[PDB]
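Structure first, then comments.
The chains referred to below are lettered A, B, ... by the order of the sequence lines, with proteins before strands, and numbering in each begins at 1. Side-chain atoms are counted along with the backbone in the values below, which use heavy atoms only and exclude waters and symmetry mates.
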There are 2 protein chains.
Amino acid sequence: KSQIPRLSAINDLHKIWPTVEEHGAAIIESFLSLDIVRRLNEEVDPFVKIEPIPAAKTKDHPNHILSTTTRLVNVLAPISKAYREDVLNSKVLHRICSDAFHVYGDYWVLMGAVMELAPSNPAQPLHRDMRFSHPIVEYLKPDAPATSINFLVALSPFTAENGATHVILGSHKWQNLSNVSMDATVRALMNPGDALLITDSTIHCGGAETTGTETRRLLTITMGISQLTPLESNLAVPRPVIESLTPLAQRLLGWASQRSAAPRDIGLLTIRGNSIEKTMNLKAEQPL
Amino acid sequence: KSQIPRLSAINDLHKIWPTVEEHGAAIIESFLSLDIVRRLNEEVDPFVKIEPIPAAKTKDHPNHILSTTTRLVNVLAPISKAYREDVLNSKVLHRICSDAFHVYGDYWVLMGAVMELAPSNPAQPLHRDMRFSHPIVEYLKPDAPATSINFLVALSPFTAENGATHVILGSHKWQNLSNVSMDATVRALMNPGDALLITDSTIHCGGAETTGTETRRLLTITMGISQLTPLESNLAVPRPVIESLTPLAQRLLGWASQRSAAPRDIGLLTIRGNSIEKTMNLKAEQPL
Ligand SMILES: COc1ccc(C[C@H]2C(=O)Nc3ccccc3C(=O)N2C)cc1
Ligand SMILES: COc1ccc(C[C@H]2C(=O)Nc3ccccc3C(=O)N2C)cc1
Ligand SMILES: [Cl-]
Ligand SMILES: [Cl-]
Ligand code: NI
Ligand code: NI
């Protein structure tokens with residue numbers, strides 16, 4: 001069985017989305033530089049350490065799906081300069097997203113999260129993303145272009161023994177799911193900064209951590225059309241932080257109006273014919 | 001040909017959504033009281049008068065579809081006490097919406113707008129709503145439950161001669177649109193406070209104003225699943241105004257997290273497992 005296609009962020013940029021459209025997955029080698037990975041890790045480190053269990057009794061939106069040995073930290077913009085500057089303005093990410101979502105229009109971040117898997121973390125069941133948040137997605141026609149995609153960026157090594165992600169190539173086109181099995185999977189073996197890109201229809205799962213010693217960390221960036229509601233809110237992010245961002249980063253975090261691809265688009269999140277950013281006089285690229 | 005079913009807001013409440021599901025339209029008699037209509041009208045009056053043309057060159061999200069003799073005012077919460085208190089907490093609206101959207105989960109306001117049509121306003125072409133903002137909707141399967149519905153509330157009389165809305169009954173189930181014609185329509189003749197309820201698949205249009213003297217006004221409330229992005233933003237609505245609302249009204253305006261109907265729902269617009277309202281310590285029902 002064939003392995004996940006591996007592509008250069010530098011050289012093969014136009015090939016990335018077409019590869020994912022055909023095969024359901026691709027590995028983007030050095031999607032983030034080692035420097036960006038270093039800074040991201042350093043900045044999110046304490047927030048991962050203080051994060052409670054996914055279904056903590058203190059939470060009013062507990063995640064009952066993730067293993068108790070998973071820590072997920074989202075709303076990364078206030079935590080991480082590297083995320084809000086380097087990642088949110090990634091040339092590679094934006095080329096891929098504009099390739100993927102041109103039929104629909106603007107896209108934004110549905111969720112940007114750091115996930116840390118503890119040693120001995122079990123494999124997840126094979127799944128498609130979005131089914132615990134967006135029931136609408138299951139009602140889309142088979143040939144509907146993907147309305148979200150997920151960049152699974154390695155922040156530490158992904159190996160077969162420490163639980164590297166499994167994917168079933170071609171499974172994004174499957175209607176009948178009788179042949180869903182771990183027998184059909186291949187692995188996303190990745191160095192820090194490499195990213196596995198999948199669609200919302202790609203069948204996949206986190207792998208089993210079998211060493212009992214290694215802690216695997218990733219940055220999962222679910223990008224989706226601006227017509228779908230994000231899993232996370234940036235409403236509470238301080239205005240100085242938002243005003244330090246590029247206009248593009250502001251749009252990605254829901255601090256701007258959005259546009260569809262309809263020929264005479266009337267827009268999303270508008271205010272009496274004007275944008276959020278025009279109405280609120282929102283500044284951009286103002287240093288803290 | 002059969003007329004639009006007419007139902008009591010008081011007596012026939014459980015019958016309203018089933019009627020719309022079957023026929024694609026229903027008239028809810030006295031959906032709003034005359035007092036609520038009076039107050040709504042008085043409060044929005046000046047904002048309608050100052051509103052420029054839909055495609056005004058000053059706007060960065062111009063509406064190129066609406067006639068130049070239409071004035072549309074959205075983001076009504078800061079304008080109208082009657083809207084944000086009486087309409088957003090309407091028992092009838094919420095019963096209908098929970099009936100309609102139970103398969104998907106929470107719902108919210110995609111757009112609440114007052115539309116005023118000037119004398120001699122031409123009939124709109126027959127259409128389905130949502131096609132200039134949510135291209136995703138066209139890619140839903142035929143049997144997908146409606147993901148949005150539109151309450152067209154009369155704020156002045158709707159008569160055949162002054163441009164009362166046309167609908168084609170049953171057209172919400174149409175796949176082939178070869179028989180789309182004004183020959184197939186019936187009219188929504190309505191007194192102030194009556195509402196025509198349609199789905200996002202009901203084929204309909206505003207009628208021709210033929211008197212040259214009458215100004216027709218309506219309140220259009222597009223309610224949709226919380227998984228779809230609103231056409232309008234309440235991000236710039238002052239916090240004192242938001243904190244005067246009920247928790248339900250806050251949710252409807254995007255000042256709360258949202259939930260899907262998935263058995264182990266992980267939520268929408270959350271912040272590290274907690275809600276917007278918990279995170280921001282958002283007060284409710286605090287008088288101005
Ligand atoms: C333990 O087995 C699992 C089964 C299904 C899922 C799906 C997933 C999702 O739909 N979206 C995301 C996307 C990014 C990060 C986390 C999640 C997330 O929480 N779930 C539930 C996760 C785990
Ligand atoms: C002039 O002919 C027309 C053709 C189509 C439409 C559709 C409509 C929409 O999709 N949504 C709404 C919903 C509530 C109020 C206004 C609108 C709105 O602006 N358009 C464009 C309007 C007019
Ligand atoms: Cl994984
Ligand atoms: Cl109308
Ligand atoms: Ni997944
Ligand atoms: Ni319409």
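Ranked by heavy-atom pairs under 4.5 Å with chain A, the first of B:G273, B:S260, B:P52, B:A261 is B:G273. Taking chain A as the reference chain and counting heavy-atom pairs below 4.5 Å, the highest number among B:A262, B:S275, B:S257, B:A144 is found for B:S275. Contact tally against chain A (heavy-atom pairs below 4.5 Å) for B:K278, B:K141, B:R272: the top residue is B:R272. Listed options A:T279, A:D265, A:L140 were ranked by heavy-atom pairs under 4.5 angstrom with chain B; first place goes to A:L140. Taking B:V137, B:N274, B:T147 one by one and counting their heavy-atom pairs under 4.5 Å with chain A, the maximum is reached by B:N274. For chain B, the option among A:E277, A:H134, A:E138 with the highest count of heavy-atom pairs below 4.5 Å is A:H134.
Applying a 4.5 Å heavy-atom cutoff, the residues of residues 218-226 of chain A that approach chain B are A:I225, A:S226. Within residues 126-133 of chain A, the residues approaching chain B closer than 4.5 Å by heavy atoms are, in numerical order, A:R131, A:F132, A:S133. Of residues 233-251 of chain A, those residues with a non-hydrogen atom less than 4.5 Å from any non-hydrogen atom of chain B are, in numerical order, A:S233, A:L235, A:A236. For residues 60-80 of chain A, a heavy-atom distance under 4.5 Å to chain B picks out A:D60, A:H61, A:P62, A:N63, A:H64, A:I65, A:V73, A:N74, A:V75, A:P78, A:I79, given by residue number.
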Candidate pair B:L228 and A:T229, rule side chain to side chain contact (heavy atoms under 4.5 Å, CB included), full reasoning: CA-CA 6 Å; B:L228 292 174; A:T229 301; 5.6 Å; no

Worked check of side chain to side chain contact (heavy atoms under 4.5 Å, CB included) between B:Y139 and A:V103: CA-CA 11 Å; B:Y139 290 100; A:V103 168; 3.5 Å; yes

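No more than 12 heavy atoms of other residues, nucleotides or ligands lie within 6.0 Å of NZ in B:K283, so this atom counts as exposed by the packing criterion. Annotation for B:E285: atom CD counts as buried by contact number, over 12 foreign heavy atoms lying within 6.0 Å. In this structure, A:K173 places its NZ atom where more than 12 heavy-atom neighbours from other residues, nucleotides or ligands lie under 6.0 Å away.
Rounding to the nearest 0.5 angstrom, the gap separating the CE atom in A:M111 from the CG atom in B:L268 is 11.5 Å. Separation of atoms CD (B:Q227) and CG (A:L231) is listed at 10.0 Å; rounding is to 0.5 Å.
Only the side chain of B:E51 comes within less than 4.5 Å of a heavy atom in chain A; its backbone stays farther off. Both the backbone and the side chain of B:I136 come within contact range of chain A, judged by heavy atoms closer than 4.5 Å.
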